[PDB]
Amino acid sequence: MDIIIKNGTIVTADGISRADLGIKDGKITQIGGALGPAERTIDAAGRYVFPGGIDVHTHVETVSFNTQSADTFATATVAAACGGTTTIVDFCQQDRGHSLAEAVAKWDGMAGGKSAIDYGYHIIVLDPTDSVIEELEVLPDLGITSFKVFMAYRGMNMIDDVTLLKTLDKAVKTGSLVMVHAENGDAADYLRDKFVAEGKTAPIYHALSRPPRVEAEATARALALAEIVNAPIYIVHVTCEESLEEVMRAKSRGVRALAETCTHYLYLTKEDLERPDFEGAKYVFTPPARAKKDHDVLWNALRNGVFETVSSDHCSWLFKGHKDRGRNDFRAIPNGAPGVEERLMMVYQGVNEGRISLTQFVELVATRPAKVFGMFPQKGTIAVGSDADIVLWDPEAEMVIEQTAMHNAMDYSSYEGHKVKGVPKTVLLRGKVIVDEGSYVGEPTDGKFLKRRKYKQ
């Protein structure tokens, strides 16, 4: 027995039991009973033993407009671990004019031997060449079973209905799942330019230039297209009442529509973009921050089991280095905010306030995502046979989130100042302790790529 975790309360999505764990060769081999001798023994007394967090929506390392993101695959995964997240599914981005394979290879270069935690890939298709699209017949067998496309971001990521339909079609044939950023780009452009023309350049206009309708329409269209092709689809970052409604309408018609939300959409509002002295720039992410009523809508949807997970959509644009190129034009502000580390703690506060149950926390934060994106049961819960990806949670620990205490390469936190109750203490990745009582103690060589399974839905 390599490791034994005793005196803790094992909390899975469908179980709560005070028992001891036996880890052997990166896997959980025994729960309860006589465990025997063990190299190391961890005392989880007064703590929860949760499955490791699984963030299926990250942009760990990116290059936007010749400039690079503050975080790298190494700096982000370390923060992820310190935040209780042991698996991540980053968005492998294709380069215009290049192949998907060229993209995967590029990603391997960034991840290989540098990820503190395990990782899988989603493939972004932003240059739908006949050959590129034909590659979707190949990537699945490499363990990349989810294709992602954008309906916004003209001349950068945006593709059209013809493309989406072709992607939906290839996904059905290869048993893959299409993911989509649903915003009507043209509608946004129209408003963005109209605002700038009127001399309106503050961060707030990032939100006003792309109101709920922009998201709602695109969402509905994508779902409609999925219905036509008769394919499963996954709507990333559903952020407001109107777009959620379309997802709901699609589900009732029988469309295999799936959706998710992201931490910040349960806590931030467009008013945050009005914080003085360009601080609002920090909250310039897409879709735009909504309103508090949307927070209730989303939390209720969570409690009712509507969403598949609460991911982070983690980005790293230095407030100083990157957000800066926009102090005079919100359009130039690189979109995105950090949160891969804070995800669990923030979502967990919902169990503290009765918004969501303790058991649902695990479902949303790890088990359900794992199921959808083909990593269950190897990843996701805590059962015999599971990789020993574990988080020892202290439900009573109180703390204020400060970027100075975070573990990535950013110059600010989206949750700076938030008081939380319930903190990740020590983390295990396939049996190895990578975070011990708050200190990262792993190797950038620990993380491994995950060939994810097909037929998602």
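In this text, residue numbers run from 1 along the sequence as written.
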Completion exercise
Of 174-182 vs 319-327, the stretch with the larger average CA B-factor in the entry is 319-327
Exercise for the section: Quick one: say whether 51-59 or 65-73 has the higher mean Cα B-factor in the deposited entry. Expected result: 65-73
Practice task
By the entry's C-alpha temperature factors, tell me which of 141, 296, 387, 260 sits highest.
Solution key: 141
Practice task
Could you check 266, 333, 116, 247 and tell me which one carries the biggest Cα B-factor in the deposited entry?
Solution key: 333
Handout entry: Modelled-residue ranking by C-alpha temperature factor, third containing residue 276
Key = highest
Handout entry: Position of residue 190 among the chain's modelled residues by C-alpha B-factor, lowest, middle or highest third
Key = middle
Completion exercise
Chain thirds by Cα B factor, record data; residue 200 belongs to the highest
Practice task
Pull the Cα B-factor of residue 427 out of the PDB entry and bin it into the chain's lowest, middle or highest third.
Solution key: lowest
Handout entry: Cα B factor band for residue 243 (lowest, middle or highest third within the chain)
Key = lowest
